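Only one structure is covered here, and it is reproduced in the block below.
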Amino acid sequence: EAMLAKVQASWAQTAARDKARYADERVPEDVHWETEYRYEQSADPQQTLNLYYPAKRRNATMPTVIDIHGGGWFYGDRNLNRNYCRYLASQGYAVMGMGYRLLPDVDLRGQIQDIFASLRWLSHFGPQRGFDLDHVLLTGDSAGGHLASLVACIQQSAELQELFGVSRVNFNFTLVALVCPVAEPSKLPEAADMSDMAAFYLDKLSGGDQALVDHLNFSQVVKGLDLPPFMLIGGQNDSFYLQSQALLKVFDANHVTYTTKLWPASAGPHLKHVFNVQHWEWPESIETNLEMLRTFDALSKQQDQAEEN
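Numbering-wise, the sequence shown is residues 5 to 196, 198 to 314 according to full-length UniProt numbering.
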(Lines of atoms letter the chains of each structure in order from A and count residues from 1; the text may use other names and numbers.)
(Lines give C-alpha, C1' and ligand atoms only; values in the text may rest on other atoms or scores of the structure.)
Protein backbone atom coordinates (compact mmCIF):
# COMPACT_ATOMS: atom_id res chain seq x y z
CA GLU A 1 0.00 0.00 0.00
CA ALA A 2 1.23 3.47 -1.06
CA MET A 3 -0.96 5.00 1.62
CA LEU A 4 1.30 3.16 4.11
CA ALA A 5 4.51 4.28 2.32
CA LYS A 6 3.26 7.89 2.23
CA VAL A 7 2.58 7.92 5.97
CA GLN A 8 6.01 6.40 6.53
CA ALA A 9 7.63 9.04 4.23
CA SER A 10 6.11 11.77 6.44
CA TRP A 11 7.55 10.20 9.67
CA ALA A 12 11.00 9.79 7.99
CA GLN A 13 10.99 13.53 7.46
CA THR A 14 10.03 13.97 11.07
CA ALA A 15 12.84 11.59 12.04
CA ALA A 16 15.42 13.74 10.22
CA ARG A 17 14.10 16.98 11.80
CA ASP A 18 14.17 15.34 15.27
CA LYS A 19 17.67 14.03 14.72
CA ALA A 20 18.91 17.49 13.49
CA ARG A 21 17.27 19.26 16.51
CA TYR A 22 18.82 16.83 18.96
CA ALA A 23 22.34 17.18 17.58
CA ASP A 24 22.11 20.99 18.20
CA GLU A 25 20.04 21.35 21.33
CA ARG A 26 21.48 21.96 24.75
CA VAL A 27 21.05 18.90 27.00
CA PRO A 28 19.69 19.30 30.54
CA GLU A 29 22.43 19.18 33.17
CA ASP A 30 22.62 17.12 36.37
CA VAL A 31 20.68 14.06 35.24
CA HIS A 32 21.40 10.34 35.21
CA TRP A 33 19.53 7.80 33.15
CA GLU A 34 19.33 4.02 33.10
CA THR A 35 18.47 2.81 29.67
CA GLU A 36 16.94 -0.09 27.72
CA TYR A 37 15.10 -2.03 30.37
CA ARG A 38 12.90 -4.78 28.88
CA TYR A 39 9.53 -4.51 30.62
CA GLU A 40 8.35 -7.97 29.49
CA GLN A 41 9.76 -11.30 28.32
CA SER A 42 10.25 -10.13 24.74
CA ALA A 43 13.07 -9.14 22.42
CA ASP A 44 10.92 -6.53 20.64
CA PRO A 45 13.06 -3.48 20.99
CA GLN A 46 9.96 -1.26 21.39
CA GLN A 47 9.09 -3.09 24.62
CA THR A 48 11.75 -1.31 26.59
CA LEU A 49 11.92 1.77 28.83
CA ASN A 50 14.37 4.38 30.18
CA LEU A 51 14.49 5.78 33.73
CA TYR A 52 15.80 9.30 34.55
CA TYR A 53 16.76 10.88 37.83
CA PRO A 54 18.37 14.05 39.21
CA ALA A 55 22.10 13.42 39.42
CA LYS A 56 21.89 14.43 43.07
CA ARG A 57 18.89 12.98 44.88
CA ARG A 58 17.70 14.93 47.84
CA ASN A 59 15.56 11.94 48.91
CA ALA A 60 15.73 8.15 48.50
CA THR A 61 12.44 8.28 46.70
CA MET A 62 11.13 11.06 44.54
CA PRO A 63 7.76 11.83 43.03
CA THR A 64 7.07 9.95 39.87
CA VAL A 65 6.50 11.13 36.31
CA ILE A 66 5.55 8.73 33.53
CA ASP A 67 5.84 9.93 29.99
CA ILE A 68 4.13 8.59 26.83
CA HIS A 69 5.78 9.92 23.73
CA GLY A 70 3.98 11.02 20.60
CA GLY A 71 4.50 10.51 16.83
CA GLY A 72 1.06 9.74 15.40
CA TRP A 73 0.99 6.17 16.76
CA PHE A 74 3.34 5.24 13.77
CA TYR A 75 6.55 6.76 15.04
CA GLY A 76 8.91 7.19 17.97
CA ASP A 77 10.60 5.15 20.66
CA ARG A 78 11.82 5.53 24.26
CA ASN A 79 14.56 8.02 23.21
CA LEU A 80 12.42 10.51 21.30
CA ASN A 81 11.46 12.61 24.39
CA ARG A 82 14.80 12.15 26.23
CA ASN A 83 15.59 15.85 26.68
CA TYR A 84 12.12 16.53 28.01
CA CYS A 85 12.35 13.58 30.41
CA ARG A 86 15.81 14.69 31.47
CA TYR A 87 14.57 18.19 32.09
CA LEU A 88 11.72 17.03 34.34
CA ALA A 89 14.03 14.64 36.17
CA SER A 90 16.53 17.45 36.78
CA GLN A 91 13.76 19.19 38.78
CA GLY A 92 13.77 16.40 41.45
CA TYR A 93 11.56 13.67 39.90
CA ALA A 94 12.01 10.06 39.04
CA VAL A 95 10.88 9.71 35.45
CA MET A 96 9.95 6.65 33.28
CA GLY A 97 9.46 6.81 29.57
CA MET A 98 8.52 3.71 27.58
CA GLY A 99 8.53 2.54 24.12
CA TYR A 100 5.41 0.92 22.64
CA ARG A 101 4.95 -1.15 19.40
CA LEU A 102 3.96 1.07 16.47
CA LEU A 103 1.13 0.94 14.01
CA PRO A 104 0.67 -0.85 11.75
CA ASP A 105 2.60 -3.73 13.45
CA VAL A 106 0.01 -3.52 16.18
CA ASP A 107 -3.29 -1.77 16.74
CA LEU A 108 -4.46 0.38 19.69
CA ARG A 109 -5.05 -2.64 21.95
CA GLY A 110 -1.39 -3.68 21.45
CA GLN A 111 -0.16 -0.13 22.33
CA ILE A 112 -2.33 0.06 25.45
CA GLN A 113 -1.04 -3.36 26.54
CA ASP A 114 2.59 -2.21 26.11
CA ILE A 115 1.98 0.94 28.20
CA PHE A 116 0.24 -1.10 30.98
CA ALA A 117 3.13 -3.61 30.99
CA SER A 118 5.56 -0.71 31.44
CA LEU A 119 3.43 0.59 34.31
CA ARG A 120 3.26 -2.86 35.93
CA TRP A 121 7.03 -3.28 35.58
CA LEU A 122 7.36 0.09 37.34
CA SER A 123 4.98 -1.02 40.19
CA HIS A 124 7.26 -4.06 40.80
CA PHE A 125 10.69 -2.45 40.31
CA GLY A 126 10.36 1.34 40.53
CA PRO A 127 10.23 1.85 44.30
CA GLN A 128 13.47 0.01 45.06
CA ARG A 129 15.35 2.39 42.71
CA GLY A 130 13.79 5.66 43.77
CA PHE A 131 10.24 5.95 42.44
CA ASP A 132 7.62 7.16 44.94
CA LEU A 133 4.47 5.65 43.42
CA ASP A 134 2.09 7.41 45.90
CA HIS A 135 2.57 10.61 43.77
CA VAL A 136 2.46 10.01 40.03
CA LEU A 137 2.18 12.42 37.14
CA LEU A 138 1.09 10.73 33.91
CA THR A 139 1.75 12.82 30.81
CA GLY A 140 1.87 12.45 27.09
CA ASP A 141 2.14 14.55 23.97
CA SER A 142 -0.04 14.48 20.80
CA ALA A 143 -0.74 10.72 20.16
CA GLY A 144 0.99 10.23 23.45
CA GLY A 145 -1.66 12.44 25.00
CA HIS A 146 -4.40 10.40 23.39
CA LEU A 147 -2.85 7.27 24.87
CA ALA A 148 -2.42 8.83 28.31
CA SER A 149 -6.08 9.96 28.27
CA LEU A 150 -7.20 6.40 27.55
CA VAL A 151 -4.82 4.85 30.04
CA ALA A 152 -6.21 7.11 32.80
CA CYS A 153 -9.77 5.91 32.08
CA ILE A 154 -8.86 2.25 31.66
CA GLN A 155 -6.98 2.22 34.95
CA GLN A 156 -10.31 3.25 36.62
CA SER A 157 -12.64 0.81 34.77
CA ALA A 158 -13.05 -2.96 35.20
CA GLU A 159 -15.05 -3.01 31.93
CA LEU A 160 -12.37 -1.26 29.90
CA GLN A 161 -9.60 -3.33 31.54
CA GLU A 162 -11.35 -6.44 30.17
CA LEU A 163 -11.93 -4.97 26.74
CA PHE A 164 -8.34 -3.87 26.35
CA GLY A 165 -7.00 -7.07 27.98
CA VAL A 166 -5.03 -5.44 30.81
CA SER A 167 -5.25 -5.29 34.63
CA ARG A 168 -5.25 -2.35 36.97
CA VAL A 169 -1.76 -1.35 38.19
CA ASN A 170 -1.27 -1.04 41.88
CA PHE A 171 -0.90 2.72 41.99
CA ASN A 172 -3.00 5.76 40.98
CA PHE A 173 -2.43 8.86 38.84
CA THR A 174 -2.26 12.03 40.79
CA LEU A 175 -2.60 14.09 37.72
CA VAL A 176 -2.83 13.49 33.97
CA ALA A 177 -1.23 16.27 31.85
CA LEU A 178 -1.99 16.19 28.16
CA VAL A 179 0.31 18.16 25.86
CA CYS A 180 -1.46 19.12 22.58
CA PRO A 181 -3.36 15.81 22.79
CA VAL A 182 -5.30 14.22 19.89
CA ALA A 183 -7.75 12.75 22.36
CA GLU A 184 -10.55 12.49 19.68
CA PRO A 185 -9.05 10.74 16.67
CA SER A 186 -12.49 10.11 15.00
CA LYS A 187 -12.67 13.89 14.51
CA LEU A 188 -9.49 13.94 12.42
CA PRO A 189 -11.00 13.29 8.97
CA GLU A 190 -13.72 15.98 9.32
CA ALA A 191 -11.05 18.45 10.60
CA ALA A 192 -7.93 20.35 9.50
CA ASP A 193 -8.35 16.25 1.62
CA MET A 194 -5.93 14.15 3.75
CA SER A 195 -9.23 12.59 4.91
CA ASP A 196 -8.14 9.41 3.11
CA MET A 197 -4.98 9.44 5.17
CA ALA A 198 -6.97 10.19 8.35
CA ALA A 199 -9.29 7.17 7.71
CA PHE A 200 -6.18 5.08 7.27
CA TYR A 201 -4.91 6.01 10.77
CA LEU A 202 -8.33 5.19 12.20
CA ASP A 203 -8.34 1.76 10.55
CA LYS A 204 -4.87 0.94 11.78
CA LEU A 205 -5.73 2.03 15.32
CA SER A 206 -8.97 -0.05 15.40
CA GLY A 207 -7.47 -3.04 13.60
CA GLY A 208 -11.06 -3.64 12.36
CA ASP A 209 -12.15 -4.44 15.90
CA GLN A 210 -15.49 -2.73 16.45
CA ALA A 211 -14.97 -2.71 20.18
CA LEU A 212 -11.87 -0.55 19.55
CA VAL A 213 -13.74 1.62 17.08
CA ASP A 214 -16.19 2.33 19.89
CA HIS A 215 -13.44 2.98 22.40
CA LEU A 216 -10.85 4.96 20.47
CA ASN A 217 -11.81 8.48 21.66
CA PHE A 218 -11.55 9.94 25.11
CA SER A 219 -15.26 10.91 24.87
CA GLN A 220 -16.09 7.19 24.59
CA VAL A 221 -13.92 5.99 27.51
CA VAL A 222 -14.55 8.88 29.98
CA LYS A 223 -18.22 8.12 30.67
CA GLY A 224 -19.21 7.37 34.22
CA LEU A 225 -15.75 7.21 35.76
CA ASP A 226 -14.41 9.34 38.59
CA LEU A 227 -11.01 10.36 37.24
CA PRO A 228 -7.96 12.12 38.51
CA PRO A 229 -7.54 15.79 37.68
CA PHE A 230 -6.30 16.63 34.20
CA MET A 231 -4.11 19.45 32.91
CA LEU A 232 -4.36 20.50 29.29
CA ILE A 233 -1.31 22.12 27.79
CA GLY A 234 -0.87 23.67 24.37
CA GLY A 235 -1.63 26.81 22.37
CA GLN A 236 -3.57 28.55 19.61
CA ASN A 237 -0.64 27.89 17.21
CA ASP A 238 -0.79 24.14 17.79
CA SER A 239 -1.74 22.58 14.45
CA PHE A 240 -4.27 20.41 16.43
CA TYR A 241 -5.56 23.24 18.57
CA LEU A 242 -8.98 22.01 17.32
CA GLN A 243 -8.52 18.76 19.27
CA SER A 244 -7.73 20.77 22.47
CA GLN A 245 -10.92 22.82 22.09
CA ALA A 246 -13.05 19.71 21.53
CA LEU A 247 -11.49 17.97 24.61
CA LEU A 248 -12.50 20.88 26.86
CA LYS A 249 -16.12 20.37 25.78
CA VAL A 250 -15.85 16.68 26.76
CA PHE A 251 -14.17 17.52 30.05
CA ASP A 252 -16.97 19.98 30.75
CA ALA A 253 -19.78 17.51 29.88
CA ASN A 254 -18.25 14.80 32.06
CA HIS A 255 -17.39 16.90 35.12
CA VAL A 256 -13.69 16.19 34.76
CA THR A 257 -11.61 18.39 37.01
CA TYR A 258 -8.99 20.21 34.89
CA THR A 259 -6.66 23.19 34.65
CA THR A 260 -5.04 24.68 31.57
CA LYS A 261 -1.96 26.23 30.24
CA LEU A 262 -2.94 27.37 26.71
CA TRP A 263 -0.66 29.83 24.98
CA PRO A 264 -2.31 32.58 22.98
CA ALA A 265 -1.44 33.38 19.36
CA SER A 266 0.05 36.66 20.55
CA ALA A 267 2.70 34.67 22.44
CA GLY A 268 4.19 33.90 19.05
CA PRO A 269 4.47 31.68 16.05
CA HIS A 270 7.29 29.65 17.56
CA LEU A 271 4.89 28.06 20.12
CA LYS A 272 3.96 25.28 17.76
CA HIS A 273 3.29 21.63 18.04
CA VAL A 274 4.55 20.21 21.35
CA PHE A 275 7.12 23.04 21.65
CA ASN A 276 7.58 22.45 25.37
CA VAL A 277 8.62 18.80 24.79
CA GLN A 278 10.70 19.43 21.66
CA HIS A 279 12.56 22.51 23.01
CA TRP A 280 12.92 22.19 26.80
CA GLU A 281 15.36 25.09 27.03
CA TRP A 282 13.07 27.82 25.70
CA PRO A 283 11.76 30.19 28.46
CA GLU A 284 8.16 29.36 27.58
CA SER A 285 8.93 25.60 27.75
CA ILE A 286 10.55 26.12 31.19
CA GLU A 287 7.42 28.08 32.35
CA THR A 288 5.02 25.49 31.07
CA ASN A 289 6.90 22.49 32.36
CA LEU A 290 7.49 23.98 35.80
CA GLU A 291 3.77 24.99 36.02
CA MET A 292 2.83 21.38 35.36
CA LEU A 293 5.25 20.12 37.99
CA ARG A 294 3.89 22.72 40.48
CA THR A 295 0.33 21.69 39.83
CA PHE A 296 1.41 18.07 40.36
CA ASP A 297 3.13 19.04 43.61
CA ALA A 298 0.08 21.02 44.83
CA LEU A 299 -2.10 17.94 44.25
CA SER A 300 0.44 15.67 45.98
CA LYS A 301 0.54 18.01 49.03
CA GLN A 302 -3.31 17.98 49.25
CA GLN A 303 -3.26 14.18 49.05
CA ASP A 304 -0.63 14.00 51.92
CA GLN A 305 -2.79 16.34 54.09
CA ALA A 306 -6.00 14.39 53.38
CA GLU A 307 -4.19 11.20 54.27
CA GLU A 308 -2.88 12.65 57.57
CA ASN A 309 0.67 12.09 56.22
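For each residue, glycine too, the CB sits at the ideal point set by N, CA and C.
Practice task
Quickly, what does DSSP pair residue 70 with across the bridge? List them, please.
Solution key: 100, 142
Exercise for the section: Would you mind stating whether residue 41 and residue 125 have Cβ atoms separated by less than 9 Å? Expected result: yes
Problem - residue 197, buried or exposed, once every other Cβ within 10 Å from all chains shown has been counted against 16 - result: Within the chain, residue numbering steps from 196 directly to 198, and residue 197 belongs to the interval with no atoms modelled.
Exercise for the section: Would you mind giving the Cβ-Cβ distance between residue 300 and residue 264, rounded to the nearest angstrom? I have them listed as a contact below 8 Å. Expected result: 6 Å
Exercise for the section: Return helix, strand or coil for residue 293, following the three-state DSSP convention. Expected result: helix
Practice task
Under 8 Å by Cβ, that's how I've got residue 283 and residue 25 pegged, so tell me the actual separation to the nearest angstrom.
Solution key: 7 Å
Practice task
Give, in chain order, every unbroken run of the beta strand (DSSP E) that is at least 3 residues long and sits entirely within the stretch 244-278.
Solution key: 263-268
Handout entry: Closest residue to residue 230 among 181, 273, 256 (Cα-Cα distance)
Key = 256
Exercise for the section: Taking 8 Å as the threshold, find out whether the stretch 84-100 comes into contact with the stretch 112-120 through three or more Cβ pairs. Expected result: no
Exercise for the section: Could you spell out where the beta strand (DSSP E) holding residue 52 opens and where it closes? Expected result: 52-58
Problem - Residues near residue 105 by beta carbon distance below 8 Å, same chain, minus five either side - result: 48, 50, 51, 114, 115, 118
Handout entry: CA nearest to the CA of residue 101, picked from 209, 82, 108
Key = 82
Practice task
Could you name the residues that DSSP lists as bridge partners for residue 197?
Solution key: Not modelled: residue 197, which lies between 196 and 198, the two residues flanking a gap in the chain.
Problem - Secondary structure of residue 79, DSSP reduced to three states - result: coil
Handout entry: Separation of residue 6 from residue 183, as counted between CA atoms
Key = 31 Å
Practice task
Note down, in chain order, each residue of its chain lying with its Cβ closer than 6 Å to the Cβ of residue 84, except the 5 sequence neighbours on either side.
Solution key: 73
Exercise for the section: Leaving out five residues on either side along the sequence, give the residues of the same chain with a beta carbon under 7 Å from the beta carbon of residue 147. Expected result: 74, 75, 76, 77, 186
Practice task
Let me know if residue 169 comes out buried or exposed under the rule of 16 or more other beta-carbons within 10 Å of its beta-carbon.
Solution key: exposed
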